[PDB]
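[1] Enclosed are the sequence and the experimentally obtained structure.
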Amino acid sequence: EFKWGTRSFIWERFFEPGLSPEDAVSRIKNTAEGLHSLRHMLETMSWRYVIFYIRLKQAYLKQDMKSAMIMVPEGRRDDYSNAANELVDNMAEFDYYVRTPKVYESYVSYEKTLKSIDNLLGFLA
Amino acid sequence: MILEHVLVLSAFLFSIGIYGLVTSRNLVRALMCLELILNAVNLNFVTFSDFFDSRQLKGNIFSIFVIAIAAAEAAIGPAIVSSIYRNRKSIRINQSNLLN
Amino acid sequence: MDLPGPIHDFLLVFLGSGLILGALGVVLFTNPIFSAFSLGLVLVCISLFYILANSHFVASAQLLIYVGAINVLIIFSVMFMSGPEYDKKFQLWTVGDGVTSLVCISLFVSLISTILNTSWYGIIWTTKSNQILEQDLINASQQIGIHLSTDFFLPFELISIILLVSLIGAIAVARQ
Amino acid sequence: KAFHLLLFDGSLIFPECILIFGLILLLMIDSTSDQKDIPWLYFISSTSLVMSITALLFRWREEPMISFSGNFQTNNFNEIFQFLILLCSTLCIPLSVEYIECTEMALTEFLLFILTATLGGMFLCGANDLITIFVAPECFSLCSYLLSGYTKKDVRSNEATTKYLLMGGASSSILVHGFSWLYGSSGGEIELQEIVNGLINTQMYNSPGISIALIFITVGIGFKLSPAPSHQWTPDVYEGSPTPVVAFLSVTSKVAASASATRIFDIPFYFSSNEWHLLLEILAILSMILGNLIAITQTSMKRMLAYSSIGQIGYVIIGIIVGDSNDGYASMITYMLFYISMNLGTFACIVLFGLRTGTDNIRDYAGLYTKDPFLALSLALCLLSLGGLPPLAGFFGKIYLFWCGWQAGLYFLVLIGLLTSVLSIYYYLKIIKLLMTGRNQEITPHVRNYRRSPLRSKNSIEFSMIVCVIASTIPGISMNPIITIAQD
Amino acid sequence: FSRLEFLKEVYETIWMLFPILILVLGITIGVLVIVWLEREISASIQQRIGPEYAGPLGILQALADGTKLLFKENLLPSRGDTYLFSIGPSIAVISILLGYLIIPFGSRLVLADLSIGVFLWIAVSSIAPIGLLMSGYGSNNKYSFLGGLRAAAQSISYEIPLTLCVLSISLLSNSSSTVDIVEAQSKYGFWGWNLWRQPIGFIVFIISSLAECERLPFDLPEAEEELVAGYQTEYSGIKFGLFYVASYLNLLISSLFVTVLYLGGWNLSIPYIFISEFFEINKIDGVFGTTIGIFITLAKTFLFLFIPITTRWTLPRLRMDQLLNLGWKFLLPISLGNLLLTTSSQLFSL
Amino acid sequence: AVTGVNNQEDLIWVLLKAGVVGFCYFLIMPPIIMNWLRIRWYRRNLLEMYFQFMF
Amino acid sequence: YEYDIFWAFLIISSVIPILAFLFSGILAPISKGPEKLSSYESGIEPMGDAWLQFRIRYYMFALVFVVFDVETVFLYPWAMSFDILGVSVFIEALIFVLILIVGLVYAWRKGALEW
């Protein structure tokens, strides 16, 4: 099965129970892969596609990072949370640099978001 | 984001316009509901051009042409309404059932 | 190139509620004047939706042309109807409206069961190359002008012929 | 710039540019000069409609090409249909100039509307885009709304225009909703041979949103073709409109809509053939059953011809249903070419009879053989060709339509067609039964005071170019198909 | 929900609200100025004094009128419709105020340099006559009905020549943005103004804007001698003040669009002549340069505020049939010819 | 700062220039203008009245 | 962004009449009476409620205005793309302007624009 992204976004947002942590970690991995693939669209200055991708992945991450806290052991659960917050902040900056678009600042926030999500995958394992 | 909700509204408009097309006891109101249906179609076209056609803008051009056609219909009637009111002095369309 | 996320979604919900109110006013008002004024609210909300998506030229064209259309509609509804009739006020309900309400509800349910089941975000990531704008065309109205002038030439003159013939027919039919 | 790219592409629509130039010249002369002359209007309409065919026949051997940046496709299939539209307009101008002149109304506007509907019908025949598959039939439908209510004084024409405008705003907006659904779930593609590829590129060829587009497109097209419960717009409009415009909308509307249906069900919708095949089978079976059954209970000639048209359209639908393999589209034409002559002759006789008589009821057709044997003979020949009687065009057209249906294994469709053709003899024989009544007591005073007058009139030439066709094409049904199987 | 960027976006919303509030305050102040100016110009050309006792020199007269209308009882018609009555003037003032978003008082002293530009101004200015018709229908008065119908007819007649005149200027400047138009004028300096290059469009734009602002001789929907007050007949309290503000705001925005589209805007220089004063004025950059640009824009706006205020108190008013004849038979073909001449002259550029 | 803004002046000099502009605009020039309107109210010609109203 | 200021300005412009109405409601007194609420008819008691029903030949310019609004809307994108392209768009829009002129001439000669 695919476990997500198989119907309209509003139906999965409002009329679905949610994801288990074992699927939330996979959605984290898929979000990281999509962010890695977004580089070519960032270089071609297609701000609408990038902003759609960023909003959708933000809406995924707000649920997935919260529900994947269980898989993180207790010895790291605070630090992971910090990393999660960092990722959110980075994506917020990325948001702020795709709407009201800038090239250099959006690229900087893109690299920061990639590093933050790689740290988040390192914590999730 | 929840952009797909726009599609939902468009569908609603279509159905509402369709409803207003049938229960119309005034042909001016039927013309207005025709405008409603064309507006729902235009909403679908514009949001699809936003979704998939950021460069070519084919949906926006089609929306402009649909607006042109809707205005042409709105020019042809109520001129037809003018002829009907000059000949019959009544607008209620369900009352005219001579051809049956 | 968009508004902030929560602001965008709140604007979507608010303009959708206004559009629903306007359409319901259109299809529930006995007076063509009142329903025309509700249609104007629908037109304004739809133009705001166009501004929301990316259409800054289509919104202005909608406002101009459809505002002319509603002004003409109000004039011809004043001219072709009985007394002002503020007492008409939400025309009565018949069985013939009740059956069509069920039919339209079924049609809307059929449409929304497809809209809610299709992943519209999945199609966007497949049409990547359709969203790479030319870097020289900064102005969106410039792109719409170029693609109206070059891509669509035959409809551009066909609509001119259509408008001329519609004007002639409107003058000939409506003359006393 | 160069004005060249459009100049070389502008020569491809030169037969339509001739119509546009004739339209503009007619309008300018009408505006400039106060006096009005029938012969000049006749000359300009004819020379606009006989120079478009002259240019189109000169463009027959040319290579197929897609011009105006994926907006106009010229090939063998659409050229035949454009020629059919031009033939309908050419044989309907004499039907219109006398009729509108005898109603004491302005005629330059009527000719302008007819020429614009022809121009919007030629563009619909090859319209390789989704915008021009909407704009071109709006160049036709809007003129059809301006027509059929051009009478402007009869209480029937106003109601007919109301019904036509409302029902054709109901359609051609469902059609564009289907166009929006097809354009959205394809990746933003509107060219006809580029959205099946776009559907695979987005992998939405099995999406539930494609079924909505197919149904909406089929409904919006079956309104214009008028088979099945999309037929109710036809009889009232046919009963309450002037006869030349309704003849035009009987022959010109079905040709353009048939071309659009063939080019919209084969090029962009071949992957889902198993759905629109069923839709067209239902749309055709219901059309023949409910167009031949109601026509036998008709007291008005134009309404009976309306039910006749919505019955004969179901025979043509079989040509789309079988497909291009077992002939098929070669049986759409060579029957639509027949159908044009059949309907235009059976409407020219009605035009002359109504003008000399002043009636439309069938009961006033009694005893026309005693008064005008030529008109009765011509009307009887047209009606018998309509019924598929053996030595006339409809019989060979129907056996050509049924040979391909049997060859494709559609036994049910051919059986229903044959049963409805048997039902379709009682009418087209009832009118003749009236025409051969020698009882002076049953003869209405409408035909008792009938003056044929010692002049030819234009409609006589126009239907003598027709009655001699529906009977003497019966040997020439080997010359026509070799021009219609050559297209693909 | 990131509490690093959320505070930044809140402060950004504050920093875009601040220009909106100062512009709104200046807009209401400018309505006060236009009222005072019209009264004093009428007094001067009629050999009177004008407002003298409400303030030092009548400065507080329009403020007194506004506060009186604020304290005046809001009167609603019992026979008519309350909702249309309340909605009409609000729609008119909203659709008139929305045109101030694109007016530049400097190269960057514009709230929003929307690339749609003047087309959006035409689109939003088309909406106010619907509000006037709503006010006429909701008042349930024969004078109000006549005023609303006259307003609709006036707008229908005079929307098209104004649109074509704006289209010709946009064709000349190759862009719909107001800043681009002003800079294209400023390329050649004083001779680069579109006033000299497009005189026919200049006159037609003046007449069409005067008709859309409903100033005399095109004051037919509010003609006091024919109807008692037009669509404002049954309106009392703050709503009449709203329908007064909207009128003066339309006059101000029309004058600003005259000095932007046809005059040079903030530009004041003659590059073809050795004008020391103009060169020294254009040499200033920074805060002082923007201040001088605002001063120049306000002076050029005041010229075409002085002209129509005089026009109201000099000419007689038109008639409805003659208004329609002027709009549809003298202004529209002339604007079409001006557009054709503009295109023919622009063929030399490419 | 951010990409898009270039060669912006220091905030203290912009503040000083805006302060001197506001000082000349809000409390220096309106007194002279209203005195020039009070005095010479009856000595105006068309040009002087036009410039008085412009100021 | 260049359009969030548009939304904020639209919200403020819509809020301003609401503020004016609220201030008038909380400041101005109410003293309603049956004579005061009657419709004003220059002193005399109004007859039947309003309503005029103009003639058609007067209001036939509106059908011209509907078409001409569409034509002037269609002319704008051509003017925006007149410089990027060349004489091709000039030839393209020349037919549009000519059809506009012919329609205006038809409306003039047929008496649609006569009052």
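    Perfect, I can see it now. Numbering: from 1, shown residues only, chains lettered A, B, ... in the order given.

[2] Tell me where chain C has helices.
    Counting by DSSP state H, chain C forms helices over residues C:5-28, C:32-53, C:56-79, C:95-115, C:120-124, C:140-149, C:154-174, given from the N-terminal end onward.

[3] Also the stretch 301-450 of chain D?
    When assigned using DSSP state H, counting those that start in this stretch, the helices of the stretch 301-450 of chain D occupy the ranges D:301-322, D:329-332, D:336-357, D:368-371, D:373-386, D:393-407, D:411-423, D:430-435, D:445-448.

[4] What distance do you get for the closest residue to chain C within chain D to residue C:162?
    Per Cβ to the nearest Cβ, residue D:146 is where chain D lies closest to chain C, at 3.6 Å. Any C-beta I mention is one placed from the backbone N, CA and C, and that applies to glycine too. Distance of residue D:146 to residue C:162, computed by Cβ to Cβ, to the nearest Å: 11 Å.

[5] of the helices of the stretch 301-450 of chain D, which approaches residue E:249 most closely?
    Proximity to residue E:249, assessed across the helices of the stretch 301-450 of chain D by Cβ to Cβ, is greatest for helix D:301-322 (58.9 Å).

[6] so where do the helices sit in chain E?
    For chain E, the helices defined by DSSP H occupy E:5-45, E:61-71, E:82-97, E:118-125, E:128-138, E:142-173, E:178-187, E:194-197, E:199-212, E:238-261, E:276-283, E:287-312, E:320-326, E:332-346.

[7] most packed of those?
    With neighbours defined as mean count of other Cβ atoms under 10 Å in any protein chain shown, the helices of chain E peak in mean count at helix E:128-138, which reaches a mean of 28.

[8] and the angle from that one to helix E:199-212?
    Per axes from the mean of the first three to the mean of the last three Cα atoms, to 10 degrees, the angle that helix E:128-138 makes with helix E:199-212 is 20 degrees.

[9] So helix E:128-138, near chain C or not?
    Yes. Using Cβ under 8 Å from any Cβ of the partner chain, helix E:128-138 reaches chain C at E:129, E:130, E:133, E:134, E:137.

[10] which helix is the longest one in chain D?
    With DSSP H as the criterion, chain D gives helix D:76-102 as its longest helix.

[11] Which strands or helices does the next helix or strand after that one pack on?
    Under the assignment DSSP states H and E, the closest C-terminal helix or strand after helix D:76-102 is helix D:108-125. Applying 3 or more Cβ pairs under 8 Å, 6 or more residues apart in numbering or on different chains; DSSP states H and E, one finds that helix D:108-125 makes contact with helix C:154-174, helix D:14-32, helix D:38-49, helix D:76-102, helix D:132-146, helix D:243-265.

[12] Can I get these in TSV including distance to chain E and mean neighbour count?
    Putting the helices and strands packed on helix D:108-125 into TSV (distance: least, Cβ to the nearest Cβ, whole Å; neighbours: other Cβ atoms under 10 Å in any protein chain shown) gives the following:
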stretch	distance to chain E	mean neighbour count
helix C:154-174	13	25
helix D:14-32	14	18
helix D:38-49	27	18
helix D:76-102	30	23
helix D:132-146	22	26
helix D:243-265	32	25
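
[13] among the helices of the stretch 301-450 of chain D, which is nearest residue E:255?
    helix D:301-322 (62.3 Å).

[14] Report the angle between the closest one and helix D:336-357.
    With the same axes, to 10 degrees as the basis, helix D:301-322 and helix D:336-357 are set at 180 degrees to each other.

[15] With only the CA atoms kept, save helix D:301-322 in PDB.
    Only the C-alpha atoms of helix D:301-322 are listed here, as PDB (Å, rounded to 0.1, in the frame of the first residue of the first chain):
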ATOM      1  CA  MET D 301     -45.200  19.000 -40.900                       C
ATOM      2  CA  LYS D 302     -42.200  20.800 -39.400                       C
ATOM      3  CA  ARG D 303     -42.500  19.000 -36.000                       C
ATOM      4  CA  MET D 304     -42.800  15.600 -37.900                       C
ATOM      5  CA  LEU D 305     -39.600  16.500 -39.800                       C
ATOM      6  CA  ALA D 306     -38.000  17.300 -36.500                       C
ATOM      7  CA  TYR D 307     -38.800  13.900 -35.100                       C
ATOM      8  CA  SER D 308     -37.600  12.600 -38.500                       C
ATOM      9  CA  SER D 309     -34.200  14.300 -38.100                       C
ATOM     10  CA  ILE D 310     -33.800  13.000 -34.600                       C
ATOM     11  CA  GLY D 311     -34.600   9.500 -36.000                       C
ATOM     12  CA  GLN D 312     -32.200   9.700 -38.900                       C
ATOM     13  CA  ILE D 313     -29.300  10.900 -36.700                       C
ATOM     14  CA  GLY D 314     -29.200   7.500 -35.000                       C
ATOM     15  CA  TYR D 315     -28.500   5.800 -38.300                       C
ATOM     16  CA  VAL D 316     -25.400   8.100 -38.700                       C
ATOM     17  CA  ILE D 317     -24.300   7.500 -35.100                       C
ATOM     18  CA  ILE D 318     -23.700   3.800 -36.100                       C
ATOM     19  CA  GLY D 319     -20.900   5.000 -38.400                       C
ATOM     20  CA  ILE D 320     -19.100   6.500 -35.300                       C
ATOM     21  CA  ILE D 321     -19.900   3.400 -33.300                       C
ATOM     22  CA  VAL D 322     -18.400   0.800 -35.700                       C
END
